[PDB]
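Visitor: okay, here's the opening piece of the assembly, coordinates as they are in the complex:
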Amino acid sequence: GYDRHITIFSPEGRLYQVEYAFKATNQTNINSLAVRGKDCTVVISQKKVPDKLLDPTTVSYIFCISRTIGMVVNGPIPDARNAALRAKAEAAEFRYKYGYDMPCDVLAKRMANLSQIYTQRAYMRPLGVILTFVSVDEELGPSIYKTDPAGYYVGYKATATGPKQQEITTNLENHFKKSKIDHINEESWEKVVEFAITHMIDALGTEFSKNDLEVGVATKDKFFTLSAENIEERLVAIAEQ
Amino acid sequence: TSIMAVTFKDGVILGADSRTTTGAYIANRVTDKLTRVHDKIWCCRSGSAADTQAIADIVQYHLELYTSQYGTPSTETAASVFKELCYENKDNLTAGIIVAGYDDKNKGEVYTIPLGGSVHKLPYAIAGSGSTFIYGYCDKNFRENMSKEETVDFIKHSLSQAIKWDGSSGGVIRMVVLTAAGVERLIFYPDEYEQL
Amino acid sequence: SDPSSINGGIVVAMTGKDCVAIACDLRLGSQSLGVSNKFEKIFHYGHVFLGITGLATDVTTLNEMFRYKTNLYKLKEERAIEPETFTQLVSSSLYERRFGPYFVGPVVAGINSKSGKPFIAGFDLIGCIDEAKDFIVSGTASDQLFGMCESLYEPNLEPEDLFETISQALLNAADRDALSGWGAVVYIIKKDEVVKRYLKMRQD
Amino acid sequence: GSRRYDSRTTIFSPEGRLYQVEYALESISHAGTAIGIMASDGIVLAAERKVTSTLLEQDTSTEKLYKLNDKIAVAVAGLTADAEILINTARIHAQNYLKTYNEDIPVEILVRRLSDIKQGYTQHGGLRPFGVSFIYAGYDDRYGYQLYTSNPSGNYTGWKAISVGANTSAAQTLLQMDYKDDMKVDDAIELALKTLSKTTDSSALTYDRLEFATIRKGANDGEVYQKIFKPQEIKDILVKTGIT
Amino acid sequence: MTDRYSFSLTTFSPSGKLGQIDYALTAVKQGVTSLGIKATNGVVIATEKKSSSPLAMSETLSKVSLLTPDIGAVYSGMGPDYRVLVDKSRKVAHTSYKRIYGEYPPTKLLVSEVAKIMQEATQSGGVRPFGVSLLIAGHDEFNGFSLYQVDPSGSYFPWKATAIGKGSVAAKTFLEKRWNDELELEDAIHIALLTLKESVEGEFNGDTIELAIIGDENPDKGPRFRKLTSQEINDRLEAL
Amino acid sequence: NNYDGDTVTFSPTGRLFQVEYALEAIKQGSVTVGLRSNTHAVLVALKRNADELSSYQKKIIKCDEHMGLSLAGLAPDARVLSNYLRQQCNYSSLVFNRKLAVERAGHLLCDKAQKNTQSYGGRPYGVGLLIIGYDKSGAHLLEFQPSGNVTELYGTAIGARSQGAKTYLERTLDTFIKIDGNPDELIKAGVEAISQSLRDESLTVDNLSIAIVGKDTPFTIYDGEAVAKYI
């Protein structure tokens, strides 16, 4: 039964190491969500600092890949940082070679192709991570593209990743069934972040303090993460209506 | 080419002429020799156009990748990357680059990298073929902690003289101002600076 | 010293009405010394004809190289290569030796088997294509050939009119070149017949 | 490390057999039967396609018979993809030889080269062997008309008539019975088709399930000509020989 | 990091089976149905856009890919494996052909090159076979219209019409009854839509079906590959 | 058990069995002792013969004028590692005109041994080394294990029955450390130490091997009748 140890086909046409890499994805017990506004793309993720001895400022699963592209990771931090460093390198090389900023979906495809190689070549293991790339692309506008250990990728109107992804997914599905549009019809990113947090609260059935969340926002020509105080301001506005 | 960078109270200003020659033919009379390697780290280029463009593009790449990993690089860091490329490939390069940048901690800084690939941190720097004609003028007229308007005048008057005497320099005087306030581009036409 | 004029010789190609012609002298020399009067410079791969002037070792080598490549082409493609396609193959093959080139002057001639369209082409030693409808010239008497062709040539000549035009262009050009002559061959090429004629000329 | 997963494709069994070669030969025994028959005035290559369907485009299809050059062809039995790797290598070797010596490659020299490549995969590199057996039909001016076979071991042998693929035992007995040395191409065509017709696992032998080729020195002007038969031409020769 | 996998991971078993190729074919079997039909004046290839989530934008996932202006490809099996084959096929069409001959490869040769890549993943060190079967449709001047299937082994066959993946056995029977040598392209599209409806469970419309043709030139010459729009599919579903 | 097939595999309790098995080869080897004062450092080694016709296997190897070691375990592995030390000592002298510090020599040996414990295909070294030397910070004694663990000590012993000599040195610690400017008395203490590890056999003229290095003493090895004085 060595067809379960390396990335070769089982008799059922399956790759068990890929399947088990998907399971490693949920090892952090963190859920992430991504939505698109008119002018922006918002990504939120749960933040859990279980140890008092940790410096909470260094505990992060959101990465600033380039100026325009943000990446949230669902999976263990070593593989997350492996993927983060590579995506940064790829995004910088691209800009040098081709003279313009790497689009979000082009990076996603590139990282998905790298992941595909680990599913076909035996000496390389898959990374135990799901990568959600976000930007406001100059041609395609607000963009969400997600990559997994199989080497699959696709664009999203919105998405969710983690142990409780189904609950979040259905909550988002039900909202977009009402509105009948592919985005959050809102001018300011502040309110799109408020939407994202509110709908995560509703879906998970848990309240959040400023230290329980982690937020990334993509606008035209920059991606940035919010501070605890910027998130607190967001939480105050939610509670006041 | 006539290029210079000058530190002042609020930061640093880079200046350059716009003439690019093939022998005696002016191949480009409106050249932009002030090139951006990071938000508030720019450089003035002299020497081989191919070399200094290639170098500047490589540096921009290095600092972009630096920024993704470690945050905003210092001007010293930028100068070091320029130096590394210029020194290690001295045999195959003809590049005389001035690196200027604004930090909030360090304020305005100027580094000059001549032909050999050495680095020299200076209050101001001059370079290019036209610089020879203004060593006297610039040394007599430079003061530290000048105002923005004084430094613009100092660069305008200096490059005016460099252009007047050097056939390889000419056209418009471009400038780039680097302060806490942001990045301002300035241009000065012949009819303005020739009558100074 | 100059590799392109050690051995000497010329090629010319022309288009006519539903036909093409390609012709060459037969000389091979070592500078002043005449060595061979049977050194043909035109080769064919299926219905595509290739003339090559210049350094004779490269002429031979390139013929052998294009025979190799067009044979494999045919086995894979299950059809004979066409003049337009072959022209690109020559260009590619020459340019891959950009900084150590073959000192040659190739000329392609042929009729496209499907469209029936007459085709001729020429290249510099590193592969730049000269794509001209009237005529292509090459070799140590290329200047002489340009002169002859420019004044003798007119469009849409019938095969036997075209034979006389290209022959007189070759012969009279060769006679004003020390390193060309010693016999001459002319191919008249139609869609499904090719006539090869050896010309009588002065042997000095 | 990696040793754990290594099948060791280039080892002897305790009996002195090469496991992978033997198992590759087992694979080849299930492939469609290919037959080669050598006559005084030419060579016949006949081969049966496997698992045909009505919707297969036959006139543009080639799985069995391949051209190596103008003088030499091959009939394939085994993995078609594996065969195409080797075929392209053989086509190159023939052109290398032609370039070097300005003469067409003698049949045996090409056969030995391909067979040596197959041999290498059994002795070094740790890779699986090519699951292919070839029948080589060719002509040169030294030995005239020649038939060879090679198998995954890299062993090759010469033949007057031979089969590879499925039911070779049965096929070889039938060929051994009816073959004679003074035989001609037209007779050999008939023998090849009759042998396939009796050994086939299909209900009947039809034009759509066959590939056919002849190498005949006879030609106008005495030149060797290879003829890969078209679907309609296979249908005609089946009627002529009285099989359909 | 020493890639120690220098040996084959696909080997012959005692019965003469290449296990990993068979298992790759099993992975293709599980994959969503795709088909191809050849007409007199064109070829059609089609498949279902099996969307993994309704929040996913299935337009961003292309199952039907342009390889050259006159050649298109569809698959059944593992999507990521298909994607890298398309990238390599697009590249090989330039390096091993267009940069040499100044024209795009004929369908059969581009298929041959893809087939070679797939064969090598079946024999080379430290790799598994590709878990896809491709259907490649195309046109070229001297061969006309053609349709090919390529399997994990590297074997390829030309077809008048065929299907691969989930409901291929039923679909191939359906095509055998309907196919003739006098079909126009519109007739072949109609038959493709009829055949594909049988293997689709849920929604059957222009947004859930991906369909492309190799046909006339769309105005050097115009490309013959054309992907049909969502609206163009729905128009032909009313005349169904 | 299932985790001892190669050096690249941890056991479930976090052990490296191939390294532990390499450590076992040292225990099978013949006893050797190391000890030092503030002025001198001494190696004593019990050499082992194959039979009465054979020679006694050499145990001590000179690495430089100021440094050398004694071995216990696979002698060819000691040859590899002592050759590496010779080269590193030599590099330090040629490039920097500097005698290689004993502590830095230990660090280099550790790192060389480590690479063989973390990579596939290789094997750990199957030998233990006692390195003595006199450098700019005085006399030094090191113990090398092929796990990579190098340790600076006043005295020690490795090989079969080495525990007896090690206990003796642990008792004598306060005495032998004070033997300054007296090479013969320090060697006596080393010969008396190694004697606590003998059974059945005793120290003969072709059995015993001694080495010394010190303040005004280059690394020199004594064998044959040169050690009869100490028997």
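Guide: Yep, it's here. Numbers count the residues shown, from 1 in each chain, chains lettered A, B, ... in the order given.

Visitor: what about the residue in chain D that chain B sits nearest to, neighbour count?
Guide: Across chain D, the shortest distance to chain B (Cβ to the nearest Cβ) belongs to residue D:1, at 32.4 Å. The C-beta positions use only the backbone N, C-alpha and C, and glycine is treated the same way. Residue D:1 is flanked by 17 other residues according to other Cβ atoms under 10 Å in any protein chain shown.

Visitor: biggest helix in chain B by residues?
Guide: helix B:49-70 (DSSP state H).

Visitor: which secondary structure elements does that one contact?
Guide: Secondary-structure packing of helix B:49-70 (3 or more Cβ pairs under 8 Å, 6 or more residues apart in numbering or on different chains; DSSP states H and E): helix A:77-98, strand B:34-38, strand B:41-47, helix B:75-88, strand B:95-102.

Visitor: highest mean neighbour count out of the ones you listed?
Guide: Ranked by mean neighbour count under mean count of other Cβ atoms under 10 Å in any protein chain shown, those are led by strand B:95-102, which reaches a mean of 27.

Visitor: neighbouring strands of that strand in the sheet, and parallel or not?
Guide: Strand B:95-102 has the following strand partners under DSSP bridges: strand B:41-47 (antiparallel), strand B:108-113 (antiparallel).

Visitor: one more chain, chain G:
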Amino acid sequence: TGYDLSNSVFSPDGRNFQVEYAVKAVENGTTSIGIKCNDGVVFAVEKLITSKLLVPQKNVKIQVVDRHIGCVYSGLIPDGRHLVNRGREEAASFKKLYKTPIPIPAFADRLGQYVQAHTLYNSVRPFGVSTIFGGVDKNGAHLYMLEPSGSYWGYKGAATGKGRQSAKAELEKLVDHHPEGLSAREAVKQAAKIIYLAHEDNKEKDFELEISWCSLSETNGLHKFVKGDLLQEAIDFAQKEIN
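Guide: Following on from the chains above, chain G is added here:
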């Protein structure tokens, strides 16, 4: 089963058992700690005196990287040295290109990516150490801890080895009782105490205390070893607290 025999193999859980087995080697090692103070960091380690024959103060365990970074580890000591050698190469190439000394977070990721790389292939073994490291850069003090998986985070206090639970509890008290912060000299004293308290898990053999520190005020942002009077003062403070 068999998923634990080869590194880089995912078990059905999604775990890499070889990395988890490397953690056992870390847990078997001696206690080492790190304390982040007001303008720097303090490192301390337990050194077991196996025998009287060990020369006191000579077998130094804490290692400097560049001039501003301290590294200490628990587990397989050679594996730690190998990691520090790499760290020194990473810090050297960073400074060569960028002139400035490597920032601590930058340095942390260099070690992180290297350790993580040793979980990607079956041809290598994971690191049998958890490494506590840090120092002072342009943005102030930083303390990190890096595990065999390649996982690392920033810490207020950190502990690893056999006595880690004891040490962690002590560190948690300091964090609670000093929200405003701890001085460098206080952190040295507290580091001594915590090692002495954590020595109850290794109580059979006696031990030797080793402390180092980087502080902006006390060492000019350079890594230095605590020696002589300041070390003895910390030992005395530690001995007083256990009695």
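
Visitor: try what packs on helix B:49-70 again now we have chain G.
Guide: Using 3+ Cβ pairs under 8 Å, 6+ apart, helix B:49-70 sits against helix A:77-98, strand B:34-38, strand B:41-47, helix B:75-88, strand B:95-102, helix G:104-117.

Visitor: what does the second one contact?
Guide: By Cβ atoms under 8 Å, 6 or more residues apart in numbering or on different chains, the list of residues contacting strand B:34-38 from outside reads B:14-16, B:42-45, B:53, B:56, B:59-60, B:63-64, B:67, B:72-73, B:78, B:99, B:101, B:174-176.

Visitor: and the first one, by the same measure?
Guide: The contact list for helix A:77-98, computed with Cβ under 8 Å, 6+ apart, reads A:24, A:28, A:61, A:63, A:65-66, A:69, A:71, A:73, A:101-102, A:106-107, A:110-111, A:114, A:127-129, A:131, A:133, B:57-58, B:60-61, B:64-65, B:68-69, G:109, G:112-113, G:115-116, G:119, G:149-153.

Visitor: one more pass at 6 Å, please.
Guide: Here helix A:77-98 makes contact (Cβ atoms under 6 Å, 6 or more residues apart in numbering or on different chains) with A:63, A:65-66, A:73, A:101-102, A:107, A:110-111, A:127-129, A:131, B:61, B:64-65, B:68, G:116, G:149-151.

Visitor: what angle do it and helix G:104-117 make?
Guide: Here helix A:77-98 runs at an angle of 110 degrees relative to helix G:104-117 (axes from the mean of the first three to the mean of the last three Cα atoms, to 10 degrees).

Visitor: and chain H, same structure:
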Amino acid sequence: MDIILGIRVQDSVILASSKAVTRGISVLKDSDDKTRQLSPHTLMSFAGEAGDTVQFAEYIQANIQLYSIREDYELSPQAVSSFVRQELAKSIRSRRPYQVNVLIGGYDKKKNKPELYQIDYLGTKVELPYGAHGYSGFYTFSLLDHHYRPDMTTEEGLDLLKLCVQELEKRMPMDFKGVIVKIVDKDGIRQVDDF
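Guide: Adding chain H to what we have so far:
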């Protein structure tokens, strides 16, 4: 080396090659054989740079002898000449080119014809009724152009060759110390010991 001549008559090929080896100031040898037998019916004469000539000839000899053993067959003169040309053509773009000129005289046993190939150091191959390398042709070709007939006997070929050598001995400044003459025909290769 200096003079190498070749003439193809009715039923044989005759190669004539000078005996002198000069190293600058002195004539070191006057009996040097500037030829190698490649196969029983194929002879190659050579002239060019010192060392390279013999090195090249022996290298070719070795390869043809290897071919002969492998296939138990003698390659045709045309095949050997093509092989030789390719080796020289390969050589001319090398780091250090073989500066060697050759004549290949062979009897084709299949066609029952003598064949003479001339190949210079660039790989310039021509089949000829008579050939030479260096300055040898300048003196001799006018005589060969006048007298040569394709139906000549071997004895007539040797006489025409004597006339060529006499002209060379009269008008060439260098003393090449006469020529060794060898005949290649259906029976193989033999040396004319009196010339």
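
Visitor: can you check what packs on helix B:49-70 again with chain H included?
Guide: Secondary-structure packing of helix B:49-70 (3 or more Cβ pairs under 6 Å, 6 or more residues apart in numbering or on different chains; DSSP states H and E): helix A:77-98, strand B:34-38, helix B:75-88, strand B:95-102.

Visitor: kindly recompute the last result at 10 Å.
Guide: Applying 3 or more Cβ pairs under 10 Å, 6 or more residues apart in numbering or on different chains; DSSP states H and E, one finds that helix B:49-70 makes contact with strand A:62-64, helix A:77-98, strand B:34-38, strand B:41-47, helix B:75-88, strand B:95-102, helix G:77-98, helix G:104-117.

Visitor: among those, which is nearest residue C:21?
Guide: Nearest to residue C:21 among the helices and strands packed on helix B:49-70 is helix A:77-98 (48.5 Å), distances taken as Cβ to Cβ.

Visitor: so where do the helices sit in chain D?
Guide: Using DSSP H, helices in chain D cover D:19-28, D:80-101, D:107-123, D:168-178, D:185-199, D:231-240.

Visitor: buried set for the longest helix of chain B?
Guide: B:49, B:51-52, B:55-56, B:58-70 (16 or more other Cβ atoms under 10 Å in any protein chain shown).

Visitor: and stretch A:105-119, by the same measure?
Guide: Of all the residues in stretch A:105-119, those buried under the rule 16+ other Cβ under 10 Å are A:105-116, A:118-119.

Visitor: would you turn those residues into TSV with secondary structure?
Guide: Output for the buried residues of stretch A:105-119, formatted as TSV (DSSP: H, G, I helix; E, B strand; the rest coil):
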residue	secondary structure
A:105	helix
A:106	helix
A:107	helix
A:108	helix
A:109	helix
A:110	helix
A:111	helix
A:112	helix
A:113	helix
A:114	helix
A:115	helix
A:116	helix
A:118	helix
A:119	helix
